[PDB]
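Accompanying notes for the structure given below.
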Amino acid sequence: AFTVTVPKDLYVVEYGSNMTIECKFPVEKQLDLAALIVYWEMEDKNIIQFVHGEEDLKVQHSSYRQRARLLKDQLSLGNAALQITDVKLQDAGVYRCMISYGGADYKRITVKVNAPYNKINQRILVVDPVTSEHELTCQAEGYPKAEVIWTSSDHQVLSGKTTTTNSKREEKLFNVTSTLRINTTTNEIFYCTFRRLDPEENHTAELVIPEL
Amino acid sequence: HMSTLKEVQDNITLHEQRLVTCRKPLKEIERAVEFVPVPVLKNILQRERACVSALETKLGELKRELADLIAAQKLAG
């Protein structure tokens with residue numbers, strides 16, 4: 001008869017990314033759009049209500065207007081693909097999909113959102129061109145809190161200061177900023193590592209001293 | 001006088017034509033699907049009840065007008 005298949009019960013998603021969680025169901029040659037109902041939901045928030053070949057917007061929860069969308073073209077392949085744009089921490093939880101086509105069935109999907117320190121912004125300035133002292137800076141946004149380990153091109157630890165605040169563009173993301181002020185010359189390579197826990201993630205940017 | 005009654009009477013029929021169109025979305029699902037998911041059912045009846053109570057309020061204020069106009073043409077004649 002009718003069964004709903006989940007290719008993967010768990011989706012691990014990175015922050016600020018797209019996501020396409022998929023629910024499958026049997027289809028025969030063509031589709032009967034009239035007899036199909038697709039419904040997505042998470043924590044009893046209505047996300048998708050697809051009836052009679054068109055999504056029912058009036059029911060869709062407000063916090064998903066313009067970020068949730070079902071892909072019609074996939075339905076002809078027996079795939080109810082829910083797509084969310086710019087994934088946030090608030091999108092983590094348990095998602096339910098309920099499909100009605102002839103018979104019916106529902107399935108659950110879990111979503112966990114990484115908040116990694118992928119994007120690292122670096123700035124190199126010249127404190128005193130006489131002593132050739134520079135000011136190296138690294139900053140990134142992630143969760144949970146992280147520390148910065150300044151290592152040379154010779155894999156040796158240098159000391160810096162780490163200021164750790166909360167994000168403004170987003171809610172609880174920690175903004176970690178570290179600064180190096182070391183006398184150095186042109187073409188010298190340095191590294192700033194972003195070590196955070198839960199789980200152990202190391203992310204390192206490379207800063208090369210320019211000339212003049 | 002008689003055209004004023006005629007303008008309200010075919011405005012109450014329109015609204016009774018609007019009341020029937022409010023349970024319409026559900027009947028067009030029972031026509032097409034054979035198993036209605038509970039959350040999709042649970043929400044539709046709430047919209048179908050949000051309208052019907054609202055449309056039944058309107059009929060009270062229209063069926064009251066005709067009685068007023070009927071009373072007016074009893075004081076006159």
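Ordering of the structure tokens sets the chain letters (A, B, ...); residue numbers start at 1 within each chain; ligands are numbered from 1 in the order shown.
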Per residue of chain A within 7 Å of chain B, which atom pair is closest and at what distance in Å (one decimal), using only C-alpha atoms, listed by chain and increasing number, as a tab-separated table?
residue	atom	partner	partner_atom	distance
A:34	CA	B:32	CA	5.7
A:35	CA	B:33	CA	4.7
A:36	CA	B:33	CA	6.8
A:100	CA	B:35	CA	6.4
A:102	CA	B:34	CA	6.4
A:103	CA	B:35	CA	6.7
A:104	CA	B:35	CA	6.8
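If you count only C-alpha atoms and ignore residues fewer than 6 places along the chain from segment 9-17 of chain B, what sits within 8 Å of it is residues 55, 59, 62, 63 and 66 of chain B.
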Could you dump the residues just selected with N, CA, C and O atoms as a PDB file, in the first residue's frame?
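Done, and the output landed in part04.pdb:
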ATOM      1  N   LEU B  55     -20.222  35.523   9.484  1.00  0.00           N
ATOM      2  CA  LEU B  55     -21.298  35.697   8.511  1.00  0.00           C
ATOM      3  C   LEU B  55     -22.671  35.619   9.164  1.00  0.00           C
ATOM      4  O   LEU B  55     -23.615  36.266   8.696  1.00  0.00           O
ATOM      5  N   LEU B  59     -25.900  38.465   9.044  1.00  0.00           N
ATOM      6  CA  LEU B  59     -27.309  38.183   8.770  1.00  0.00           C
ATOM      7  C   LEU B  59     -28.225  38.739   9.848  1.00  0.00           C
ATOM      8  O   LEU B  59     -29.362  39.127   9.553  1.00  0.00           O
ATOM      9  N   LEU B  62     -28.823  42.323   8.928  1.00  0.00           N
ATOM     10  CA  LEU B  62     -29.613  42.479   7.708  1.00  0.00           C
ATOM     11  C   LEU B  62     -31.059  42.036   7.876  1.00  0.00           C
ATOM     12  O   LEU B  62     -31.970  42.733   7.415  1.00  0.00           O
ATOM     13  N   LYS B  63     -31.295  40.891   8.522  1.00  0.00           N
ATOM     14  CA  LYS B  63     -32.655  40.466   8.827  1.00  0.00           C
ATOM     15  C   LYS B  63     -33.341  41.408   9.805  1.00  0.00           C
ATOM     16  O   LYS B  63     -34.575  41.424   9.874  1.00  0.00           O
ATOM     17  N   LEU B  66     -34.931  44.502   7.585  1.00  0.00           N
ATOM     18  CA  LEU B  66     -36.214  44.256   6.934  1.00  0.00           C
ATOM     19  C   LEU B  66     -37.368  44.426   7.913  1.00  0.00           C
ATOM     20  O   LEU B  66     -38.410  44.990   7.561  1.00  0.00           O
TER      21      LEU B  66
END
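Neighbours of residue 62 of chain A closer than or equal to 10 Å, with only C-alpha atoms counted and sequence neighbours fewer than 5 positions away skipped, come out as residues 45, 46, 47 and 57 of chain A.
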Create the file for the chosen residues now, containing N, CA, C and O atoms and written as a PDB file, in the first residue's frame.
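The resulting file, again-v5.pdb, is reproduced below:
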ATOM      1  N   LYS A  45       4.297  24.091  14.750  1.00  0.00           N
ATOM      2  CA  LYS A  45       4.265  25.290  13.921  1.00  0.00           C
ATOM      3  C   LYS A  45       4.029  24.858  12.480  1.00  0.00           C
ATOM      4  O   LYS A  45       4.835  24.109  11.916  1.00  0.00           O
ATOM      5  N   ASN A  46       2.933  25.328  11.890  1.00  0.00           N
ATOM      6  CA  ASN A  46       2.611  24.967  10.515  1.00  0.00           C
ATOM      7  C   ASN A  46       3.636  25.583   9.572  1.00  0.00           C
ATOM      8  O   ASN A  46       3.836  26.802   9.569  1.00  0.00           O
ATOM      9  N   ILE A  47       4.278  24.746   8.767  1.00  0.00           N
ATOM     10  CA  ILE A  47       5.299  25.179   7.825  1.00  0.00           C
ATOM     11  C   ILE A  47       4.794  25.111   6.387  1.00  0.00           C
ATOM     12  O   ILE A  47       4.857  26.095   5.651  1.00  0.00           O
ATOM     13  N   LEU A  57      -1.181  29.431   2.103  1.00  0.00           N
ATOM     14  CA  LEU A  57      -0.371  30.397   2.841  1.00  0.00           C
ATOM     15  C   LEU A  57      -1.056  30.857   4.121  1.00  0.00           C
ATOM     16  O   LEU A  57      -0.386  31.116   5.127  1.00  0.00           O
TER      17      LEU A  57
END
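Residues within 12 Å of residue 45 of chain B, counting only C-alpha atoms and excluding same-chain residues fewer than 6 positions away, are residues 59 of chain A; 22, 23, 24, 25, 26, 27, 38, 39, 51, 52 and 53 of chain B.
A straight line drawn from atom CA of residue 73 of chain A to atom CA of residue 10 of chain A is 23.8 Å long.
Separating atom CA of residue 117 of chain A from atom CA of residue 203 of chain A is a distance of 6.5 Å.
Atom pair atom CA of residue 194 of chain A / atom CA of residue 129 of chain A has a distance of 28.8 Å (rounded to one decimal).
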(request) Any chance you could list, as JSON, numbers by chain, the residues in segment 67-164 of chain A that come up strand (DSSP E) when DSSP is run on the backbone? (result) {"A": [68, 69, 70, 79, 80, 81, 82, 83, 84, 93, 94, 95, 96, 97, 98, 99, 100, 101, 103, 104, 105, 106, 107, 108, 109, 110, 111, 112, 113, 114, 120, 121, 122, 123, 124, 125, 126, 127, 128, 133, 134, 135, 136, 137, 138, 139, 140, 141, 142, 146, 147, 148, 149, 150, 151, 152, 157, 158, 161, 162, 163, 164]}
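With only C-alpha atoms as the atoms that count, the minimum distance from residue 3 of chain B to the choices B:54, B:77, B:69, B:61 is reached by B:69.
Residues with any atom within 12 Å of residue 157 of chain A, counting only C-alpha atoms and excluding same-chain neighbours fewer than 5 positions away, are residues 148, 149, 150, 151, 152, 180, 190, 191, 192 and 193 of chain A.
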Can those selected residues be exported to a file as a PDB file, in the first residue's frame so that it contains N, CA, C and O atoms?
ATOM      1  N   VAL A 148      41.257  31.492  20.951  1.00  0.00           N
ATOM      2  CA  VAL A 148      42.115  31.682  19.788  1.00  0.00           C
ATOM      3  C   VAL A 148      43.558  31.400  20.183  1.00  0.00           C
ATOM      4  O   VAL A 148      44.065  31.966  21.160  1.00  0.00           O
ATOM      5  N   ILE A 149      44.215  30.528  19.422  1.00  0.00           N
ATOM      6  CA  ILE A 149      45.608  30.162  19.645  1.00  0.00           C
ATOM      7  C   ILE A 149      46.415  30.694  18.469  1.00  0.00           C
ATOM      8  O   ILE A 149      46.281  30.208  17.339  1.00  0.00           O
ATOM      9  N   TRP A 150      47.256  31.693  18.729  1.00  0.00           N
ATOM     10  CA  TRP A 150      48.117  32.270  17.701  1.00  0.00           C
ATOM     11  C   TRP A 150      49.369  31.414  17.565  1.00  0.00           C
ATOM     12  O   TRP A 150      50.184  31.342  18.491  1.00  0.00           O
ATOM     13  N   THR A 151      49.527  30.766  16.414  1.00  0.00           N
ATOM     14  CA  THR A 151      50.688  29.936  16.133  1.00  0.00           C
ATOM     15  C   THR A 151      51.434  30.491  14.930  1.00  0.00           C
ATOM     16  O   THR A 151      50.822  31.005  13.989  1.00  0.00           O
ATOM     17  N   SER A 152      52.758  30.384  14.969  1.00  0.00           N
ATOM     18  CA  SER A 152      53.599  30.886  13.896  1.00  0.00           C
ATOM     19  C   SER A 152      53.613  29.915  12.721  1.00  0.00           C
ATOM     20  O   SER A 152      52.944  28.878  12.720  1.00  0.00           O
ATOM     21  N   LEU A 180      46.932  40.170  17.792  1.00  0.00           N
ATOM     22  CA  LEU A 180      48.366  39.970  17.935  1.00  0.00           C
ATOM     23  C   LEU A 180      49.090  41.279  17.660  1.00  0.00           C
ATOM     24  O   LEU A 180      48.771  41.981  16.697  1.00  0.00           O
ATOM     25  N   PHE A 190      51.566  33.819   9.749  1.00  0.00           N
ATOM     26  CA  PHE A 190      51.029  33.548  11.075  1.00  0.00           C
ATOM     27  C   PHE A 190      49.692  32.833  10.929  1.00  0.00           C
ATOM     28  O   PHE A 190      49.104  32.783   9.846  1.00  0.00           O
ATOM     29  N   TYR A 191      49.216  32.269  12.038  1.00  0.00           N
ATOM     30  CA  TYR A 191      47.963  31.528  12.058  1.00  0.00           C
ATOM     31  C   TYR A 191      47.176  31.882  13.312  1.00  0.00           C
ATOM     32  O   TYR A 191      47.756  32.057  14.387  1.00  0.00           O
ATOM     33  N   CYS A 192      45.856  31.987  13.168  1.00  0.00           N
ATOM     34  CA  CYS A 192      44.949  32.171  14.296  1.00  0.00           C
ATOM     35  C   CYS A 192      43.933  31.037  14.290  1.00  0.00           C
ATOM     36  O   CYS A 192      43.132  30.920  13.356  1.00  0.00           O
ATOM     37  N   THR A 193      43.971  30.206  15.328  1.00  0.00           N
ATOM     38  CA  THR A 193      43.151  29.007  15.422  1.00  0.00           C
ATOM     39  C   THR A 193      41.951  29.259  16.325  1.00  0.00           C
ATOM     40  O   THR A 193      42.084  29.861  17.391  1.00  0.00           O
TER      41      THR A 193
END
(request) From a DSSP calculation on the backbone, collect every residue of chain B in helix (DSSP H, G or I) and output the set as number ranges by chain. (result) B: 2-20, 24-30, 38-76
